[PDB]
Amino acid sequence: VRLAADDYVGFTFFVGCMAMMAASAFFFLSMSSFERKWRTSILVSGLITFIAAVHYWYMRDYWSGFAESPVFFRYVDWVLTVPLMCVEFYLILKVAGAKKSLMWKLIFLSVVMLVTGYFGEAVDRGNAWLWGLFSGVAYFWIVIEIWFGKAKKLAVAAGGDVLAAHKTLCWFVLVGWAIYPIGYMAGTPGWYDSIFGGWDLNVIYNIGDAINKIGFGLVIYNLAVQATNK
Amino acid sequence: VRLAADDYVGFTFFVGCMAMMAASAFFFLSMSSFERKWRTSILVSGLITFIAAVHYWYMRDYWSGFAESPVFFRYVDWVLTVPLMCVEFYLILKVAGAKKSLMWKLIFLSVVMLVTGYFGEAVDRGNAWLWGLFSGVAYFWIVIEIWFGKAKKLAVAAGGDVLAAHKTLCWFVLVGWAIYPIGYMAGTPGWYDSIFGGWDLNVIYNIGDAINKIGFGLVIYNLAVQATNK
Amino acid sequence: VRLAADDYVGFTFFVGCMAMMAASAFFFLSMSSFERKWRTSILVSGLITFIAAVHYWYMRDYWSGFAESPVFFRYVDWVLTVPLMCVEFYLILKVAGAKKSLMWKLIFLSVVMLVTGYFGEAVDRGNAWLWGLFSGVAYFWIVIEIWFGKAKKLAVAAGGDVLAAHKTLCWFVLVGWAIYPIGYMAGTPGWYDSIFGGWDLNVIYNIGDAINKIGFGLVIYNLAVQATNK
Amino acid sequence: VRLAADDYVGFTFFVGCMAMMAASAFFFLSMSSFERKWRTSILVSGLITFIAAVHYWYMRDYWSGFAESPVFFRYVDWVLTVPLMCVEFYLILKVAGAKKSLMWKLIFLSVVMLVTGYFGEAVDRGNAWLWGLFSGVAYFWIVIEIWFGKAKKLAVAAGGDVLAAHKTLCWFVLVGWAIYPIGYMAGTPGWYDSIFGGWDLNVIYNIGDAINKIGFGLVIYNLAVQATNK
Amino acid sequence: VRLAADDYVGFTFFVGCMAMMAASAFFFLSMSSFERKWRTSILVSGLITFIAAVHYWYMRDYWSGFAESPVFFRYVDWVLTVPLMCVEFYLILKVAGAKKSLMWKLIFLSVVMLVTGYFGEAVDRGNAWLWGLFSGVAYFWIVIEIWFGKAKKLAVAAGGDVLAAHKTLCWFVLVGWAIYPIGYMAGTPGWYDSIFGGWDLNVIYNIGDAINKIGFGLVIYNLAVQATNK
Ligand SMILES: CC1=C(/C=C/C(C)=C/C=C/C(C)=C/C=C/C=C(C)/C=C/C=C(C)/C=C/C2=C(C)C[C@H](O)CC2(C)C)C(C)(C)C[C@@H](O)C1
Ligand SMILES: CC1=C(/C=C/C(C)=C/C=C\C(C)=C\C=C\C=C(C)\C=C\C=C(C)\C=C\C2=C(C)C[C@H](O)CC2(C)C)C(C)(C)C[C@@H](O)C1
Ligand SMILES: CC1=C(/C=C/C(C)=C\C=C/C(C)=C/C=C/C=C(C)/C=C/C=C(C)/C=C/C2=C(C)C[C@H](O)CC2(C)C)C(C)(C)C[C@@H](O)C1
Ligand SMILES: CC1=C(\C=C/C(C)=C/C=C/C(C)=C/C=C/C=C(C)/C=C/C=C(C)/C=C/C2=C(C)C[C@H](O)CC2(C)C)C(C)(C)C[C@@H](O)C1
Ligand SMILES: CC1=C(\C=C/C(C)=C\C=C\C(C)=C/C=C/C=C(C)/C=C/C=C(C)/C=C/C2=C(C)C[C@H](O)CC2(C)C)C(C)(C)C[C@@H](O)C1
Ligand SMILES: *C/C=C(C)/C=C/C=C(C)/C=C/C1=C(C)CCCC1(C)C
Ligand SMILES: *C/C=C(C)/C=C/C=C(C)/C=C/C1=C(C)CCCC1(C)C
Ligand SMILES: *C/C=C(C)/C=C/C=C(C)/C=C/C1=C(C)CCCC1(C)C
Ligand SMILES: *C/C=C(C)/C=C/C=C(C)/C=C/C1=C(C)CCCC1(C)C
Ligand SMILES: *C/C=C(C)/C=C/C=C(C)/C=C/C1=C(C)CCCC1(C)C
Ligand SMILES: CCCCCCCCCCCCCCCC
Ligand SMILES: CCCCCCCCCCCCCCCC
Ligand SMILES: CCCCCCCCCCCCCCCC
Ligand SMILES: CCCCCCCCCCCCCCCC
Ligand SMILES: CCCCCCCCCCCCCCCC
Ligand SMILES: CCCCCCCCCCCCCCCC
Ligand SMILES: CCCCCCCCCCCCCCCC
Ligand SMILES: CCCCCCCCCCCCCCCC
Ligand SMILES: CCCCCCCCCCCCCCCC
Ligand SMILES: CCCCCCCCCCCCCCCC
Ligand SMILES: CCCCCCCCCCCCCCCC
Ligand SMILES: CCCCCCCCCCCCCCCC
Ligand SMILES: CCCCCCCCCCCCCCCC
Ligand SMILES: CCCCCCCCCCCC
Ligand SMILES: CCCCCCCCCCCC
Ligand SMILES: CCCCCCCCCCCC
Ligand SMILES: CCCCCCCCCCCC
Ligand SMILES: CCCCCCCCCCCC
Ligand SMILES: CCCCCCCCCCCC
Ligand SMILES: CCCCCCCCCCCC
Ligand SMILES: CCCCCCCCCCCC
Ligand SMILES: CCCCCCCCCCCC
Ligand SMILES: CCCCCCCCCCCC
């Protein structure tokens with residue numbers, strides 16, 4: 001329980017936990033300052049930070065206890081949050097004429113991706129590469145859908161601020177999420193051990209997680225503010 | 001109390017606890033995002049997830065402590081929630097002209113069913129089969145009421161979206177709940193030696209619980225959203 | 001702190017604690033769906049469940065710790081709640097032309113009753129019968145006031161649903177509360193034995209408490225709903 | 001950690017903690033039931049109970065642990081709350097037009113009083129009587145200000161219910177607070193040991209505290225209710 | 001874990017924690033009594049106190065445990081809060097025609113300052129002076145920006161109460177914050193050991209922190225108050 005000055009992992013847990021708790025409060029308490037239709041999109045963003053805050057709190061204690069943060073445990077959060085973020089694609093293009101078919105697709109993809117991930121990392125480590133492959137494919141499909149699929153066409157039709165915030169999402173998916181597949185390579189045996197192996201990811205996980213989720217949130221909030229002021 | 005990767009029960013407690021906590025927040029915070037008439041129906045759906053979240057949190061810790069989740073302890077939650085879900089039949093058809101008699105019936109049935117269950121499982125295990133039988137009968141009665149009784153006739157009279165959402169609820173009762181009677185068979189000795197597959201009932205309980213209750217919620221919420229936008 | 005199936009006291013603490021927490025949420029979150037005048041009556045009903053929920057949580061832990069629930073400790077809750085329920089008489093007859101004098105009387109009576117009770121049970125057990133007697137007298141006074149006193153006359157003058165809900169309250173006072181004086185008889189030495197074998201007082205306390213308080217709540221809520229819809 | 005029936009200090013901590021938590025909820029949840037300008041006055045009353053509830057909870061645990069409640073520790077609460085109560089003078093006479101000069105004065109006086117108190121009781125007990133003297137002077141100043149100073153003149157100018165509630169506050173300051181100076185006399189050596197010495201105030205502290213702060217609250221709330229109905 | 005009367009650090013943690021928790025409640029609960037536009041500025045001020053309250057709670061326990069408060073641990077809070085205060089410049093000049101470029105600048109500067117601080121104090125103590133220097137420069141830049149830079153000119157252009165509140169903030173930055181750089185000097189070896197060395201700042205940190213943050217809050221709140229009374 002004693003703190004050390006050089007414990008940079010410790011620090012990043014405490015910061016992340018605190019920043020997620022603050023963000024969660026910030027979206028929950030901002031909900032009320034918006035027009036009827038936007039609220040739900042904010043609300044869900046809050047949820048996302050909220051689940052993370054509560055899980056981070058747990059992890060923050062665990063690391064202080066045992067000085068080890070097992071990667072699979074993160075999945076507890078990811079399997080819940082990653083889908084919600086996908087749902088956030090529906091809420092942005094709902095005004096543009098998005099169909100529940102898209103919703104279902106996204107959720108399906110996101111869940112499969114995270115379950116396959118979890119199987120690769122926890123359940124079946126011998127055959128982890130294949131699970132990786134499946135998850136990879138589900139990721140690519142999601143990234144292709146959002147970049148060149150129906151979602152982009154709907155966004156371009158809508159145009160304006162709605163388009164912009166879409167793109168930034170896609171960047172966050174493309175660049176922000178990329179760190180997670182990489183960490184898998186460093187986590188599981190296979191043909192990618194040489195390229196990525198032995199890297200300390202905890203700090204990168206703690207910073208990235210907070211950035212990713214708070215980032216999404218701040219985008220959707222930016223979209224709401226730019227839509228009310230004009 | 002360090003966690004292990006292969007502890008799939010552990011994982012499902014943490015996920016279920018987090019998903020129930022999120023849903024509870026989601027309905028509590030969405031309650032205000034509808035007109036006054038729907039609110040109570042949402043509110044109660046939230047309550048359902050809320051009671052589950054708080055109980056799951058307790059169970060989640062217990063399993064982490066002693067690595068055993070006694071089945072009777074689940075009843076703490078079920079005796080409270082199963083009635084509320086039944087109440088949810090009344091709240092949908094209240095605008096269609098439902099009578100409190102129906103509500104009282106449902107509550108009565110649901111309570112008896114769960115108490116009989118609890119007697120079968122906790123106090124009197126030798127004569128568990130009879131209690132089973134009584135609970136069974138209470139189940140059947142409720143399924144007959146909702147499928148062919150006055151509830152569906154009132155829904156059809158109202159007609160449209162109110163009907164649709166009703167049916168899906170009946171499916172959730174019919175198919176969703178079916179896992180609970182089965183687990184009883186696997187729990188008590190008698191004329192049923194029902195043990196099916198290598199799957200651990202705890203895991204099925206943790207996933208099912210969350211599905212069932214989050215399911216309910218999503219349906220009621222879907223009904224409210226499709227009724228307000230038009 | 002492992003639970004047993006046969007620990008029926010345990011079970012009733014966990015259920016009671018959970019049901020009180022749910023009810024407290026249910027009144028707090030329903031408060032806002034009413035006209036300005038009703039709110040306070042609901043709010044206070046919630047407060048009542050709220051104090052109980054928080055105390056029950058403490059008792060629930062204690063019993064899990066030491067497997068003994070000292071009766072005097074319940075008073076911590078009762079001395080706070082029993083007065084509020086009395087206030088609930090004032091809040092429903094306030095529109096009928098109740099005077100604050102009545103409210104003060106009620107509070108006074110209820111406090112004296114509970115303090116005398118606490119003196120009987122905690123400070124001097126040798127003199128417990130006399131304290132009993134005094135508490136008894138305060139009970140009778142309250143029951144006579146509400147059944148045949150000014151409160152009934154004001155309710156009958158008002159008439160309608162406001163009257164009805166009054167009666168049911170009086171039943172809850174008359175029948176619901178009766179279990180508490182009985183338990184005293186079983187708790188303290190004197191001229192009364194009140195064996196009441198078989199049933200465990202704790203269990204009757206846990207179920208009764210929840211019934212009494214949730215009951216009150218449901219009544220006041222029923223009154224508000226039946227008065228607002230017309 | 002085991003409870004005793006004869007532990008009247010224990011009891012009063014648990015009651016006080018619970019009653020403060022209830023009141024805090026009661027003002028927070030009632031805040032919305034008033035016109036905009038009363039809200040702040042309620043809010044602050046709640047804050048007062050809230051800080052007390054949280055400190056009482058801490059003290060309640062401590063006493064259960066070590067069976068001793070050091071008087072200086074209470075100051076943690078008093079230094080925060082006593083100023084807020086003073087602010088409550090400003091918020092009631094905002095109708096008739098009080099000047100921030102009065103606000104600042106009150107806060108200044110109250111803080112000095114409490115700091116001098118803390119110095120008398122914590123750092124230098126040899127020099128305690130002088131600190132007493134200084135605190136005394138700050139008290140007297142406050143009591144004379146509110147009884148015969150500008151505050152009374154403003155209240156009389158305003159007249160009506162606003163005046164009434166003022167007086168009762170002055171009584172609470174005059175009579176309610178008087179127990180605190182006395183306790184000092186019983187706590188520290190000096191020239192007042194003879195008059196007041198060896199007295200145990202814990203029980204009197206626990207009851208008084210709750211009375212004083214819940215009292216203020218009930219007054220401000222009474223003022224708001226009597227000002228909206230007319 | 002028993003506390004002593006002369007433990008002034010202890011006392012200041014408990015007061016700070018309590019005062020921050022109260023303030024956080026006070027802004028969150030006041031938020032709704034304002035027009036749409038001001039809310040966000042209050043909200044964020046509350047967030048600031050909120051993060052501090054939760055971190056102070058942790059620190060408060062730590063000191064009670066180990067009787068030592070490591071300086072680097074404070075950074076957990078500062079790295080989150082110091083930026084938000086800077087953002088508070090944007091929210092007050094937003095209606096005056098502030099550009100997000102200014103907000104980004106401020107955040108950038110504040111983050112750099114705090115990171116450089118953290119590097120100086122945690123990871124690289126040998127080269128702490130250079131990090132100091134860099135942080136210093138980031139501070140100076142911020143102070144010159146707010147005193148003579150774009151921010152001041154924008155505030156003067158939109159004079160009145162918005163200007164006043166600006167100045168006071170600058171004072172709080174100039175004078176309030178100054179104690180943090182000083183503490184660095186007392187913490188790290190270099191050319192400033194002679195001037196500042198061996199000083200105990202814990203008590204000064206705890207009082208300053210609460211003043212600084214509650215101060216900010218009270219200013220923004222004051223600005224909102226004198227903006228509604230037209
Ligand atoms: C897990 C696994 C796999 C999966 C692999 C995956 C999913 C690989 C993914 C690779 C990725 C995502 C590569 C990313 C490349 C580049 C990145 C991350 C960043 C580029 C640019 C940056 C950082 C910033 C760009 C800009 C910003 C900041 C915004 C501006 O608007 C535009 C610009 C200046 C360009 C298989 C399927 C291949 C095999 C299996 O056995 C193992
Ligand atoms: C899954 C699904 C479908 C279903 C399709 C089909 C073809 C389903 C066909 C049949 C199914 C799923 C039947 C499941 C039945 C389960 C039941 C009726 C379980 C009842 C258990 C009871 C009443 C146990 C009672 C007892 C107990 C607990 C202990 C006693 O000692 C003994 C006894 C009285 C037997 C679609 C395709 C239609 C729609 C889609 O949305 C959902
Ligand atoms: C109150 C009042 C007044 C009087 C005010 C007085 C007497 C004083 C006011 C302010 C004072 C004394 C402020 C002092 C501020 C000190 C600061 C901001 C110090 C900053 C230090 C830094 C940034 C150090 C950085 C470094 C570090 C940390 C390590 C590196 O290695 C070296 C260095 C770069 C120097 C008037 C007369 C002006 C106006 C009247 O209206 C009111
Ligand atoms: C008569 C009737 C019916 C049929 C039956 C009903 C409703 C019966 C219900 C009876 C019940 C629930 C009676 C319960 C009574 C409990 C009482 C009066 C308990 C009082 C206890 C006290 C006051 C104890 C005090 C003392 C204590 C605690 C210690 C002291 O040392 C001694 C003493 C003063 C006695 C219906 C339902 C058909 C219609 C209805 O309108 C009327
Ligand atoms: C009959 C009647 C009533 C009842 C009571 C009446 C009229 C009076 C009651 C007086 C009471 C209850 C209290 C009097 C209080 C005296 C106080 C507050 C004394 C304060 C003393 C201080 C502050 C001492 C400080 C010092 C310290 C701390 C130690 C130093 O070394 C020396 C010193 C400076 C003296 C009412 C209230 C119902 C109203 C009306 O109906 C008339
Ligand atoms: C807030 C939580 C976030 C954004 C987490 C994201 C995680 C991923 C997108 C994971 C992707 C994976 C693959 C595509 C390949 C390897 C396994 C996974 C599950 C890490
Ligand atoms: C979240 C809680 C839920 C949905 C629990 C559902 C539980 C049941 C519907 C239990 C039913 C039972 C029978 C119909 C027969 C055997 C005994 C029971 C209690 C398991
Ligand atoms: C929420 C809990 C409730 C309603 C408890 C109520 C308890 C009473 C009305 C107790 C009355 C007593 C007497 C009339 C005689 C003996 C002492 C008491 C306090 C048990
Ligand atoms: C709930 C907290 C309350 C109402 C505390 C009030 C305390 C006082 C007004 C204390 C006054 C004192 C003096 C005038 C002299 C001796 C020292 C003090 C601080 C106890
Ligand atoms: C909530 C606490 C606050 C406002 C703290 C702010 C502290 C700073 C602005 C101090 C920064 C420092 C320097 C300019 C020089 C030395 C290193 C720092 C980070 C302590
Ligand atoms: C550290 C986590 C929380 C960070 C929250 C950032 C503060 C929000 C800044 C922009 C707010 C714009 C308000 C728009 C409505 C007028
Ligand atoms: C462990 C470090 C936590 C880092 C917390 C700060 C997160 C801030 C995220 C903001 C980045 C995206 C901004 C969106 C652009 C409008
Ligand atoms: C939308 C959220 C979905 C969350 C799905 C959680 C799945 C967890 C699976 C746990 C292990 C399954 C059995 C392992 C092999 C016996
Ligand atoms: C332990 C694993 C728990 C996983 C729970 C995931 C949340 C369930 C989502 C709801 C599923 C039914 C959808 C009904 C559509 C109206
Ligand atoms: C006003 C229209 C709102 C439509 C929203 C539909 C999607 C909502 C999904 C969020 C529910 C998440 C449940 C908790 C996590 C398992
Ligand atoms: C909404 C109704 C909930 C009712 C909960 C059940 C309470 C009774 C449980 C059984 C108590 C122990 C009985 C022991 C008999 C010897
Ligand atoms: C606007 C009026 C709506 C009335 C709806 C009927 C009320 C039924 C709610 C039942 C709540 C049960 C709470 C149980 C707590 C354990
Ligand atoms: C272990 C105790 C479980 C008790 C659960 C009680 C649930 C609420 C009961 C409500 C009583 C009926 C009130 C009807 C008012 C119109
Ligand atoms: C309306 C609320 C009234 C609350 C009454 C609280 C009861 C206080 C009991 C105090 C008993 C102290 C021990 C006995 C004397 C040594
Ligand atoms: C609009 C009419 C309001 C009437 C309020 C009567 C008193 C309110 C209940 C008691 C206050 C809370 C007590 C908390 C426990 C000490
Ligand atoms: C430890 C015992 C504490 C008991 C707390 C009871 C609540 C105090 C209420 C005081 C009422 C003052 C009069 C209000 C007039 C508007
Ligand atoms: C709309 C009028 C508002 C007037 C506000 C007057 C001052 C309120 C002071 C509140 C201080 C509480 C926070 C600090 C205590 C920890
Ligand atoms: C550990 C010591 C805590 C001290 C609590 C400080 C309370 C707030 C005082 C700051 C005053 C700022 C005035 C702002 C004017 C609008
Ligand atoms: C404009 C889009 C930028 C998104 C970049 C995300 C970077 C996340 C960093 C994760 C590892 C620290
Ligand atoms: C400490 C990190 C704060 C980051 C704030 C981002 C603000 C950008 C969105 C603004 C919407 C108006
Ligand atoms: C439309 C069908 C809804 C019910 C689905 C069945 C859910 C059963 C529980 C799952 C256990 C893994
Ligand atoms: C318009 C309301 C429909 C809500 C459907 C939500 C589907 C479930 C989401 C599960 C996410 C893990
Ligand atoms: C209509 C009146 C009903 C009153 C019910 C009170 C009895 C239940 C509580 C005690 C059970 C042990
Ligand atoms: C408007 C409906 C009147 C209130 C009756 C509610 C009864 C619910 C009892 C729930 C027990 C689980
Ligand atoms: C007219 C108002 C009188 C208020 C008196 C309050 C006295 C509180 C004493 C509590 C200490 C045990
Ligand atoms: C309109 C009535 C306002 C409140 C009056 C004071 C209430 C006193 C309660 C005493 C403790 C329960
Ligand atoms: C507004 C309230 C301020 C309270 C400040 C208390 C300071 C106590 C210092 C004790 C250490 C010597
Ligand atoms: C109007 C000028 C306000 C300046 C505030 C200074 C606060 C100093 C805090 C540090 C005390 C240890």
# chains A, B, ... in the order shown; residues from 1 in each chain; ligands from 1
call {"tool": "residues_around", "arguments": {"residues": "residue 17 (chain B)", "least_positions_apart": "3", "cutoff": "9 Å", "atoms": "only C-alpha atoms", "output": "list in words"}}
result
residues 12, 13, 14, 20, 21, 22, 52, 53, 54, 55, 56, 57, 59, 60, 206 and 210 of chain B
call {"tool": "write_last_selection", "arguments": {"atoms": "C-alpha atoms", "output": "PDB file, in the first residue's frame"}}
result
ATOM      1  CA  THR B  12     -19.010 -12.916 -15.614  1.00  0.00           C
ATOM      2  CA  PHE B  13     -19.683 -11.489 -12.166  1.00  0.00           C
ATOM      3  CA  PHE B  14     -17.547  -8.415 -12.923  1.00  0.00           C
ATOM      4  CA  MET B  20     -26.226  -3.835 -14.481  1.00  0.00           C
ATOM      5  CA  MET B  21     -24.737  -0.728 -12.839  1.00  0.00           C
ATOM      6  CA  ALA B  22     -24.545   0.949 -16.257  1.00  0.00           C
ATOM      7  CA  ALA B  52     -29.452  -6.560  -9.432  1.00  0.00           C
ATOM      8  CA  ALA B  53     -26.420  -4.191  -9.659  1.00  0.00           C
ATOM      9  CA  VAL B  54     -26.236  -3.892  -5.866  1.00  0.00           C
ATOM     10  CA  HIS B  55     -26.747  -7.616  -5.272  1.00  0.00           C
ATOM     11  CA  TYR B  56     -24.326  -8.534  -8.074  1.00  0.00           C
ATOM     12  CA  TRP B  57     -21.700  -6.285  -6.451  1.00  0.00           C
ATOM     13  CA  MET B  59     -22.021 -11.606  -4.997  1.00  0.00           C
ATOM     14  CA  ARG B  60     -19.020 -10.480  -7.090  1.00  0.00           C
ATOM     15  CA  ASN B 206     -24.572 -14.408 -14.697  1.00  0.00           C
ATOM     16  CA  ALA B 210     -28.054  -9.494 -17.250  1.00  0.00           C
TER      17      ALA B 210
END
call {"tool": "residues_near_ligand", "arguments": {"ligand": "ligand 30", "cutoff": "8 Å", "atoms": "only C-alpha atoms and all ligand atoms", "output": "list in words"}}
result
residues 168, 169, 171, 172, 175, 176, 177, 179, 203, 204, 205, 207, 208, 209, 211 and 212 of chain D
call {"tool": "residues_near_ligand", "arguments": {"ligand": "ligand 1", "cutoff": "10 Å", "atoms": "only C-alpha atoms and all ligand atoms", "output": "JSON, numbers by chain"}}
result
{"A": [117, 120, 127, 128, 129, 130, 131, 132, 133, 134, 135, 136, 137, 138, 139, 140, 143, 167, 168, 171, 172, 173, 174, 175, 176, 177, 178, 179, 180, 181, 182, 183, 184, 185, 186, 188, 189, 190, 191, 192]}
call {"tool": "residues_near_ligand", "arguments": {"ligand": "ligand 19", "cutoff": "6 Å", "atoms": "only C-alpha atoms and all ligand atoms", "output": "ChimeraX atom specification"}}
result
/C:79-80,83,111 /D:8
call {"tool": "residues_near_ligand", "arguments": {"ligand": "ligand 22", "cutoff": "8 Å", "atoms": "only C-alpha atoms and all ligand atoms", "output": "mmCIF file with N, CA, C and O atoms, in the first residue's frame"}}
result
data_model
loop_
_atom_site.group_PDB
_atom_site.id
_atom_site.type_symbol
_atom_site.label_atom_id
_atom_site.label_comp_id
_atom_site.auth_asym_id
_atom_site.auth_seq_id
_atom_site.Cartn_x
_atom_site.Cartn_y
_atom_site.Cartn_z
ATOM 1 N N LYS D 37 -35.086 32.272 -5.364
ATOM 2 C CA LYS D 37 -34.268 33.037 -4.426
ATOM 3 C C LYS D 37 -34.182 32.358 -3.058
ATOM 4 O O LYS D 37 -33.193 32.539 -2.360
ATOM 5 N N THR D 40 -31.078 28.987 -2.539
ATOM 6 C CA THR D 40 -29.727 29.075 -2.013
ATOM 7 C C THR D 40 -29.767 28.892 -0.498
ATOM 8 O O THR D 40 -28.911 28.216 0.062
ATOM 9 N N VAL D 44 -27.683 25.833 1.328
ATOM 10 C CA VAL D 44 -26.683 26.026 2.360
ATOM 11 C C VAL D 44 -27.069 25.301 3.644
ATOM 12 O O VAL D 44 -26.195 24.681 4.263
ATOM 13 N N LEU D 47 -26.087 21.818 2.957
ATOM 14 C CA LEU D 47 -24.647 21.716 3.124
ATOM 15 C C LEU D 47 -24.244 21.574 4.584
ATOM 16 O O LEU D 47 -23.479 20.649 4.893
ATOM 17 N N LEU D 80 -16.221 24.840 9.890
ATOM 18 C CA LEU D 80 -16.892 24.925 8.598
ATOM 19 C C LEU D 80 -18.337 25.397 8.765
ATOM 20 O O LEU D 80 -18.831 26.203 7.983
ATOM 21 N N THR D 81 -19.049 24.860 9.762
ATOM 22 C CA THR D 81 -20.495 24.996 9.813
ATOM 23 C C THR D 81 -20.899 26.313 10.451
ATOM 24 O O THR D 81 -21.743 27.032 9.904
ATOM 25 N N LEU D 84 -21.315 29.056 8.146
ATOM 26 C CA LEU D 84 -22.428 28.934 7.215
ATOM 27 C C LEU D 84 -23.711 29.413 7.886
ATOM 28 O O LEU D 84 -24.448 30.219 7.322
ATOM 29 N N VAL D 87 -23.938 32.867 7.673
ATOM 30 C CA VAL D 87 -24.304 33.276 6.332
ATOM 31 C C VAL D 87 -25.822 33.244 6.228
ATOM 32 O O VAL D 87 -26.424 34.100 5.580
ATOM 33 N N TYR D 90 -27.591 36.325 6.480
ATOM 34 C CA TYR D 90 -27.547 37.232 5.341
ATOM 35 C C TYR D 90 -28.644 36.863 4.354
ATOM 36 O O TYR D 90 -29.284 37.736 3.771
ATOM 37 N N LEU D 91 -28.859 35.548 4.184
ATOM 38 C CA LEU D 91 -29.723 35.024 3.141
ATOM 39 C C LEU D 91 -31.183 35.282 3.477
ATOM 40 O O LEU D 91 -32.006 35.367 2.580
ATOM 41 N N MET E 18 -13.164 18.099 3.839
ATOM 42 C CA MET E 18 -14.563 18.404 4.133
ATOM 43 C C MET E 18 -15.037 19.636 3.367
ATOM 44 O O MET E 18 -16.143 19.621 2.802
ATOM 45 N N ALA E 19 -14.182 20.680 3.340
ATOM 46 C CA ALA E 19 -14.514 21.928 2.662
ATOM 47 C C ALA E 19 -14.600 21.712 1.146
ATOM 48 O O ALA E 19 -15.430 22.313 0.466
ATOM 49 N N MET E 20 -13.731 20.859 0.598
ATOM 50 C CA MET E 20 -13.789 20.602 -0.832
ATOM 51 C C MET E 20 -15.071 19.824 -1.153
ATOM 52 O O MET E 20 -15.859 20.199 -2.032
ATOM 53 N N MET E 21 -15.369 18.794 -0.362
ATOM 54 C CA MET E 21 -16.604 18.042 -0.570
ATOM 55 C C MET E 21 -17.842 18.933 -0.509
ATOM 56 O O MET E 21 -18.780 18.721 -1.290
ATOM 57 N N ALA E 22 -17.848 19.910 0.415
ATOM 58 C CA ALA E 22 -18.984 20.813 0.558
ATOM 59 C C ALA E 22 -19.132 21.715 -0.654
ATOM 60 O O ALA E 22 -20.194 21.738 -1.289
ATOM 61 N N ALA E 23 -18.036 22.425 -0.993
ATOM 62 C CA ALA E 23 -17.979 23.231 -2.210
ATOM 63 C C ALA E 23 -18.439 22.395 -3.431
ATOM 64 O O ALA E 23 -19.336 22.798 -4.177
ATOM 65 N N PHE E 26 -21.900 22.201 -3.471
ATOM 66 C CA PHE E 26 -22.526 23.511 -3.530
ATOM 67 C C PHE E 26 -22.633 23.989 -4.972
ATOM 68 O O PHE E 26 -23.660 24.553 -5.333
ATOM 69 N N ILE E 214 -11.398 26.702 -3.702
ATOM 70 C CA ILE E 214 -12.675 27.247 -3.259
ATOM 71 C C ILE E 214 -12.798 28.703 -3.693
ATOM 72 O O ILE E 214 -13.857 29.155 -4.125
ATOM 73 N N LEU E 218 -15.784 30.333 -5.855
ATOM 74 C CA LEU E 218 -16.550 31.452 -5.332
ATOM 75 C C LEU E 218 -16.523 32.637 -6.286
ATOM 76 O O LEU E 218 -17.538 33.336 -6.445
ATOM 77 N N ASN E 222 -19.748 34.045 -8.027
ATOM 78 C CA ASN E 222 -20.059 35.445 -7.809
ATOM 79 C C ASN E 222 -20.377 36.114 -9.135
ATOM 80 O O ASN E 222 -21.230 36.992 -9.196
ATOM 81 N N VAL E 225 -23.866 35.200 -10.177
ATOM 82 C CA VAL E 225 -24.836 35.856 -9.312
ATOM 83 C C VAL E 225 -25.074 37.291 -9.772
ATOM 84 O O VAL E 225 -26.219 37.747 -9.814
#
